[PDB]
$ cat input-v2.tsv   # TSV, C-alpha atoms
chain	number	residue	atom	x	y	z
A	1	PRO	CA	-29.35	-83.74	-186.43
A	2	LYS	CA	-32.25	-83.96	-183.97
A	3	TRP	CA	-33.31	-80.67	-182.37
A	4	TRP	CA	-32.15	-81.83	-178.94
A	5	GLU	CA	-28.58	-82.31	-180.16
A	6	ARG	CA	-28.14	-78.87	-181.71
A	7	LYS	CA	-25.56	-76.73	-179.88
A	8	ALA	CA	-25.72	-79.10	-176.91
A	9	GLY	CA	-22.45	-78.67	-175.01
A	10	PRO	CA	-20.23	-81.22	-173.23
A	11	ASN	CA	-22.12	-81.02	-169.91
A	12	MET	CA	-25.35	-82.06	-171.65
A	13	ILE	CA	-25.79	-85.85	-171.79
A	14	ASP	CA	-28.48	-88.03	-173.39
A	15	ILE	CA	-29.97	-90.60	-170.98
A	16	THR	CA	-31.32	-93.80	-172.55
A	17	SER	CA	-31.88	-96.18	-169.60
A	18	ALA	CA	-32.66	-96.25	-165.88
A	19	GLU	CA	-29.23	-97.78	-165.28
A	20	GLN	CA	-27.56	-94.88	-167.08
A	21	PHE	CA	-29.67	-92.34	-165.20
A	22	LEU	CA	-28.75	-93.77	-161.79
A	23	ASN	CA	-25.08	-94.01	-162.74
A	24	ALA	CA	-25.17	-90.37	-163.86
A	25	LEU	CA	-26.54	-89.16	-160.50
A	26	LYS	CA	-23.95	-91.24	-158.66
A	27	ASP	CA	-21.01	-90.05	-160.79
A	28	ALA	CA	-22.11	-86.42	-160.48
A	29	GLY	CA	-20.68	-86.29	-156.95
A	30	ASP	CA	-21.66	-82.96	-155.37
A	31	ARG	CA	-22.37	-81.21	-158.71
A	32	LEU	CA	-25.78	-79.67	-159.24
A	33	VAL	CA	-27.64	-81.91	-161.73
A	34	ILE	CA	-30.48	-80.59	-163.87
A	35	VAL	CA	-32.62	-83.26	-165.51
A	36	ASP	CA	-34.55	-82.08	-168.56
A	37	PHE	CA	-37.53	-84.30	-169.35
A	38	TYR	CA	-38.62	-83.54	-172.89
A	39	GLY	CA	-40.66	-85.00	-175.73
A	40	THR	CA	-39.63	-85.56	-179.33
A	41	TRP	CA	-42.69	-83.65	-180.50
A	42	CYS	CA	-42.95	-81.20	-177.61
A	43	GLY	CA	-43.15	-77.69	-179.05
A	44	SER	CA	-42.42	-75.99	-175.74
A	45	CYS	CA	-39.41	-78.24	-175.14
A	46	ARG	CA	-38.08	-77.47	-178.60
A	47	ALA	CA	-38.65	-73.71	-178.17
A	48	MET	CA	-36.78	-73.54	-174.86
A	49	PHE	CA	-33.86	-75.74	-175.91
A	50	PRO	CA	-31.57	-73.00	-177.29
A	51	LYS	CA	-31.90	-71.11	-173.99
A	52	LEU	CA	-31.23	-74.30	-172.03
A	53	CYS	CA	-28.04	-74.86	-174.07
A	54	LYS	CA	-26.88	-71.30	-173.40
A	55	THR	CA	-27.53	-71.82	-169.68
A	56	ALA	CA	-25.41	-74.98	-169.87
A	57	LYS	CA	-22.55	-72.97	-171.42
A	58	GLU	CA	-23.06	-70.36	-168.70
A	59	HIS	CA	-22.70	-73.07	-166.04
A	60	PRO	CA	-20.01	-75.53	-167.22
A	61	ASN	CA	-19.92	-77.33	-163.86
A	62	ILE	CA	-23.64	-78.10	-163.77
A	63	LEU	CA	-24.50	-81.50	-165.28
A	64	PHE	CA	-27.53	-81.50	-167.61
A	65	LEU	CA	-29.27	-84.83	-168.26
A	66	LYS	CA	-31.63	-84.99	-171.25
A	67	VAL	CA	-34.34	-87.61	-170.87
A	68	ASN	CA	-36.60	-88.20	-173.87
A	69	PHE	CA	-39.99	-89.13	-172.36
A	70	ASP	CA	-41.16	-90.88	-175.52
A	71	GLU	CA	-38.11	-93.17	-175.51
A	72	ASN	CA	-37.95	-93.68	-171.75
A	73	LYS	CA	-41.60	-94.02	-170.72
A	74	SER	CA	-41.18	-96.50	-167.84
A	75	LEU	CA	-38.28	-94.53	-166.36
A	76	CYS	CA	-40.24	-91.28	-166.56
A	77	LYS	CA	-43.30	-92.90	-165.01
A	78	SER	CA	-41.18	-94.19	-162.12
A	79	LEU	CA	-39.94	-90.61	-161.62
A	80	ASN	CA	-43.56	-89.37	-161.55
A	81	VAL	CA	-43.17	-87.23	-164.65
A	82	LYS	CA	-46.65	-86.50	-166.06
A	83	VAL	CA	-46.16	-83.40	-168.18
A	84	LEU	CA	-43.51	-81.95	-170.51
A	85	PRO	CA	-41.34	-79.98	-170.27
A	86	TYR	CA	-40.43	-80.98	-166.75
A	87	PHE	CA	-37.31	-80.62	-164.61
A	88	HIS	CA	-35.79	-82.33	-161.59
A	89	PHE	CA	-32.71	-80.95	-159.85
A	90	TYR	CA	-30.43	-83.24	-157.78
A	91	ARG	CA	-27.51	-82.17	-155.62
A	92	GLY	CA	-25.21	-84.56	-153.79
A	93	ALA	CA	-26.35	-85.93	-150.44
A	94	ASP	CA	-29.57	-83.92	-150.74
A	95	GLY	CA	-30.83	-86.04	-153.63
A	96	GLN	CA	-33.78	-84.44	-155.44
A	97	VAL	CA	-34.07	-80.76	-154.54
A	98	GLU	CA	-36.39	-79.37	-157.26
A	99	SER	CA	-39.33	-80.67	-159.29
A	100	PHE	CA	-41.14	-78.27	-161.61
A	101	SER	CA	-42.46	-77.47	-165.05
A	102	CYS	CA	-41.06	-74.70	-167.16
A	103	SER	CA	-41.16	-73.20	-170.63
A	104	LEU	CA	-39.40	-70.52	-172.64
A	105	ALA	CA	-41.73	-67.80	-171.30
A	106	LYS	CA	-41.10	-68.70	-167.65
A	107	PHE	CA	-37.46	-69.74	-168.12
A	108	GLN	CA	-36.47	-67.55	-165.16
A	109	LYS	CA	-38.02	-70.26	-162.93
A	110	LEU	CA	-35.16	-72.52	-163.96
A	111	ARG	CA	-32.58	-69.85	-163.14
A	112	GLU	CA	-34.27	-69.24	-159.78
A	113	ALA	CA	-33.86	-72.95	-159.01
A	114	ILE	CA	-30.16	-72.63	-159.85
A	115	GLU	CA	-29.94	-69.69	-157.41
A	116	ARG	CA	-31.31	-71.97	-154.68
A	117	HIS	CA	-28.98	-74.95	-155.16
A	118	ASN	CA	-25.84	-74.04	-157.06
A	119	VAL	CA	-22.43	-74.90	-155.62
A	120	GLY	CA	-21.68	-72.02	-153.24
A	121	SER	CA	-25.32	-70.95	-152.77
$ encode --input "input-v2.tsv" --output "structure tokens"
Amino acid sequence: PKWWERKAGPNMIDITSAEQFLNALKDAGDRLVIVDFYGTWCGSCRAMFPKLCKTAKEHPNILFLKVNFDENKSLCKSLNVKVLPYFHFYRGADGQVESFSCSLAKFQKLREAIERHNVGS
């Protein structure tokens, strides 16, 4: 049971290809989408994961995409991801609306981004 699968709820999906990633954004409709770029051996990513999972339970209608950088290097490079943890947000016809790094200590940055782009904001 890999650390990134523990207590991961139904709105948290593993992405394993560029095709799957693009299909996920398309099928999201007008939902807010949070893309979590993480590394297998990223201590910060691992430390912040339980809080991310709680946030996913707190927001059942937000779609969370987990993208393992180490297993999706070309995809992550095409998305200009250079450091981990990293987050993109996407929302409907607006496409990408956030791009930022985070950690457990500054987790409120992620919530602030939700405040800016959640359905009804």
$ closest_residue --input "input-v2.tsv" --among "A:36, A:58, A:71, A:27" --to "residue A:87" --atoms "all atoms listed in the file"
A:36
$ residues_around --input "input-v2.tsv" --residues "residue A:83" --least-positions-apart "5" --cutoff "9 Å" --atoms "all atoms listed in the file" --output "PyMOL selection string"
chain A and resi 37-38+101
$ write_last_selection --input "input-v2.tsv" --atoms "C-alpha atoms" --output "compact mmCIF listing (two decimals), keeping the file's coordinate frame"
# COMPACT_ATOMS: atom_id res chain seq x y z
CA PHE A 37 -37.53 -84.30 -169.35
CA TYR A 38 -38.62 -83.54 -172.89
CA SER A 101 -42.46 -77.47 -165.05
$ residues_around --input "input-v2.tsv" --residues "residue A:75" --least-positions-apart "6" --cutoff "9 Å" --atoms "only C-alpha atoms" --output "number ranges by chain"
A: 17-18, 21, 69, 81
$ closest_residue --input "input-v2.tsv" --among "A:116, A:49, A:35, A:109" --to "residue A:86" --atoms "all atoms listed in the file"
A:35
$ residues_around --input "input-v2.tsv" --residues "residue A:7" --least-positions-apart "4" --cutoff "9 Å" --atoms "all atoms listed in the file" --output "ChimeraX atom specification"
/A:50,53-54
$ atom_distance --input "input-v2.tsv" --atom1 "atom CA of residue A:111" --atom2 "atom CA of residue A:10"
19.6 Å
$ closest_residue --input "input-v2.tsv" --among "A:11, A:47, A:32, A:41" --to "residue A:113" --atoms "only C-alpha atoms"
A:32
$ residues_around --input "input-v2.tsv" --residues "residue A:31" --least-positions-apart "3" --cutoff "9 Å" --atoms "all atoms listed in the file" --output "ChimeraX atom specification"
/A:28,61-63,90-92,118-119
$ closest_residue --input "input-v2.tsv" --among "A:84, A:48, A:93, A:34" --to "residue A:64" --atoms "all atoms listed in the file"
A:34
$ build_atoms --input "input-v2.tsv" --residues "stretch 83-112 of chain A" --atoms "N, CA and C atoms" --output "PDB file, keeping the file's coordinate frame"
ATOM      1  N   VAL A  83     -46.007 -84.474-167.212  1.00  0.00           N
ATOM      2  CA  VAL A  83     -46.160 -83.400-168.180  1.00  0.00           C
ATOM      3  C   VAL A  83     -44.791 -82.944-168.655  1.00  0.00           C
ATOM      4  N   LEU A  84     -44.756 -82.396-169.869  1.00  0.00           N
ATOM      5  CA  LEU A  84     -43.510 -81.950-170.510  1.00  0.00           C
ATOM      6  C   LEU A  84     -43.669 -80.540-171.058  1.00  0.00           C
ATOM      7  N   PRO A  85     -42.635 -79.697-170.919  1.00  0.00           N
ATOM      8  CA  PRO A  85     -41.340 -79.980-170.270  1.00  0.00           C
ATOM      9  C   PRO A  85     -41.454 -80.113-168.762  1.00  0.00           C
ATOM     10  N   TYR A  86     -40.507 -80.849-168.189  1.00  0.00           N
ATOM     11  CA  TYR A  86     -40.430 -80.980-166.750  1.00  0.00           C
ATOM     12  C   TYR A  86     -38.972 -81.062-166.339  1.00  0.00           C
ATOM     13  N   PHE A  87     -38.675 -80.617-165.116  1.00  0.00           N
ATOM     14  CA  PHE A  87     -37.310 -80.620-164.610  1.00  0.00           C
ATOM     15  C   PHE A  87     -37.238 -81.201-163.200  1.00  0.00           C
ATOM     16  N   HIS A  88     -36.221 -82.026-162.953  1.00  0.00           N
ATOM     17  CA  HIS A  88     -35.790 -82.330-161.590  1.00  0.00           C
ATOM     18  C   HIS A  88     -34.410 -81.712-161.408  1.00  0.00           C
ATOM     19  N   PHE A  89     -34.095 -81.257-160.195  1.00  0.00           N
ATOM     20  CA  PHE A  89     -32.710 -80.950-159.850  1.00  0.00           C
ATOM     21  C   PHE A  89     -32.278 -81.964-158.786  1.00  0.00           C
ATOM     22  N   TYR A  90     -31.023 -82.410-158.845  1.00  0.00           N
ATOM     23  CA  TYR A  90     -30.430 -83.240-157.780  1.00  0.00           C
ATOM     24  C   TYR A  90     -29.133 -82.587-157.344  1.00  0.00           C
ATOM     25  N   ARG A  91     -28.789 -82.707-156.067  1.00  0.00           N
ATOM     26  CA  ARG A  91     -27.510 -82.170-155.620  1.00  0.00           C
ATOM     27  C   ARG A  91     -26.952 -82.999-154.466  1.00  0.00           C
ATOM     28  N   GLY A  92     -25.982 -83.850-154.790  1.00  0.00           N
ATOM     29  CA  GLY A  92     -25.210 -84.560-153.790  1.00  0.00           C
ATOM     30  C   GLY A  92     -26.043 -85.337-152.781  1.00  0.00           C
ATOM     31  N   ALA A  93     -25.692 -85.191-151.506  1.00  0.00           N
ATOM     32  CA  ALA A  93     -26.350 -85.930-150.440  1.00  0.00           C
ATOM     33  C   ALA A  93     -27.790 -85.481-150.213  1.00  0.00           C
ATOM     34  N   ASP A  94     -28.190 -84.387-150.855  1.00  0.00           N
ATOM     35  CA  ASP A  94     -29.570 -83.920-150.740  1.00  0.00           C
ATOM     36  C   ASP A  94     -30.527 -84.637-151.686  1.00  0.00           C
ATOM     37  N   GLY A  95     -29.983 -85.353-152.665  1.00  0.00           N
ATOM     38  CA  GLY A  95     -30.830 -86.040-153.630  1.00  0.00           C
ATOM     39  C   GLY A  95     -31.662 -85.028-154.402  1.00  0.00           C
ATOM     40  N   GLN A  96     -32.923 -85.352-154.684  1.00  0.00           N
ATOM     41  CA  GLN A  96     -33.780 -84.440-155.440  1.00  0.00           C
ATOM     42  C   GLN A  96     -34.081 -83.186-154.630  1.00  0.00           C
ATOM     43  N   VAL A  97     -33.840 -82.023-155.228  1.00  0.00           N
ATOM     44  CA  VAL A  97     -34.070 -80.760-154.540  1.00  0.00           C
ATOM     45  C   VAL A  97     -35.060 -79.833-155.271  1.00  0.00           C
ATOM     46  N   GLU A  98     -35.371 -80.133-156.531  1.00  0.00           N
ATOM     47  CA  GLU A  98     -36.390 -79.370-157.260  1.00  0.00           C
ATOM     48  C   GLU A  98     -37.195 -80.294-158.164  1.00  0.00           C
ATOM     49  N   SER A  99     -38.439 -79.909-158.416  1.00  0.00           N
ATOM     50  CA  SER A  99     -39.330 -80.670-159.290  1.00  0.00           C
ATOM     51  C   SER A  99     -40.367 -79.694-159.813  1.00  0.00           C
ATOM     52  N   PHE A 100     -40.283 -79.335-161.091  1.00  0.00           N
ATOM     53  CA  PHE A 100     -41.140 -78.270-161.610  1.00  0.00           C
ATOM     54  C   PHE A 100     -41.237 -78.240-163.120  1.00  0.00           C
ATOM     55  N   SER A 101     -42.327 -77.665-163.615  1.00  0.00           N
ATOM     56  CA  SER A 101     -42.460 -77.470-165.050  1.00  0.00           C
ATOM     57  C   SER A 101     -41.979 -76.076-165.409  1.00  0.00           C
ATOM     58  N   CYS A 102     -41.636 -75.923-166.676  1.00  0.00           N
ATOM     59  CA  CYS A 102     -41.060 -74.700-167.160  1.00  0.00           C
ATOM     60  C   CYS A 102     -41.428 -74.538-168.621  1.00  0.00           C
ATOM     61  N   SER A 103     -40.942 -73.465-169.224  1.00  0.00           N
ATOM     62  CA  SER A 103     -41.160 -73.200-170.630  1.00  0.00           C
ATOM     63  C   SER A 103     -40.243 -72.040-170.971  1.00  0.00           C
ATOM     64  N   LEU A 104     -40.198 -71.665-172.243  1.00  0.00           N
ATOM     65  CA  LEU A 104     -39.400 -70.520-172.640  1.00  0.00           C
ATOM     66  C   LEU A 104     -39.884 -69.254-171.921  1.00  0.00           C
ATOM     67  N   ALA A 105     -41.194 -69.036-171.875  1.00  0.00           N
ATOM     68  CA  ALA A 105     -41.730 -67.800-171.300  1.00  0.00           C
ATOM     69  C   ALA A 105     -41.396 -67.619-169.818  1.00  0.00           C
ATOM     70  N   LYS A 106     -41.374 -68.723-169.083  1.00  0.00           N
ATOM     71  CA  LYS A 106     -41.100 -68.700-167.650  1.00  0.00           C
ATOM     72  C   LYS A 106     -39.737 -69.311-167.349  1.00  0.00           C
ATOM     73  N   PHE A 107     -38.803 -69.168-168.286  1.00  0.00           N
ATOM     74  CA  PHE A 107     -37.460 -69.740-168.120  1.00  0.00           C
ATOM     75  C   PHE A 107     -36.758 -69.270-166.844  1.00  0.00           C
ATOM     76  N   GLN A 108     -37.104 -68.074-166.369  1.00  0.00           N
ATOM     77  CA  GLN A 108     -36.470 -67.550-165.160  1.00  0.00           C
ATOM     78  C   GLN A 108     -36.703 -68.471-163.958  1.00  0.00           C
ATOM     79  N   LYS A 109     -37.783 -69.257-163.981  1.00  0.00           N
ATOM     80  CA  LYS A 109     -38.020 -70.260-162.930  1.00  0.00           C
ATOM     81  C   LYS A 109     -36.852 -71.235-162.819  1.00  0.00           C
ATOM     82  N   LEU A 110     -36.288 -71.606-163.963  1.00  0.00           N
ATOM     83  CA  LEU A 110     -35.160 -72.520-163.960  1.00  0.00           C
ATOM     84  C   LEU A 110     -33.929 -71.844-163.352  1.00  0.00           C
ATOM     85  N   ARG A 111     -33.688 -70.590-163.727  1.00  0.00           N
ATOM     86  CA  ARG A 111     -32.580 -69.850-163.140  1.00  0.00           C
ATOM     87  C   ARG A 111     -32.755 -69.645-161.639  1.00  0.00           C
ATOM     88  N   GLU A 112     -33.993 -69.424-161.201  1.00  0.00           N
ATOM     89  CA  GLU A 112     -34.270 -69.240-159.780  1.00  0.00           C
ATOM     90  C   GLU A 112     -33.932 -70.517-159.013  1.00  0.00           C
TER      91      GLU A 112
END
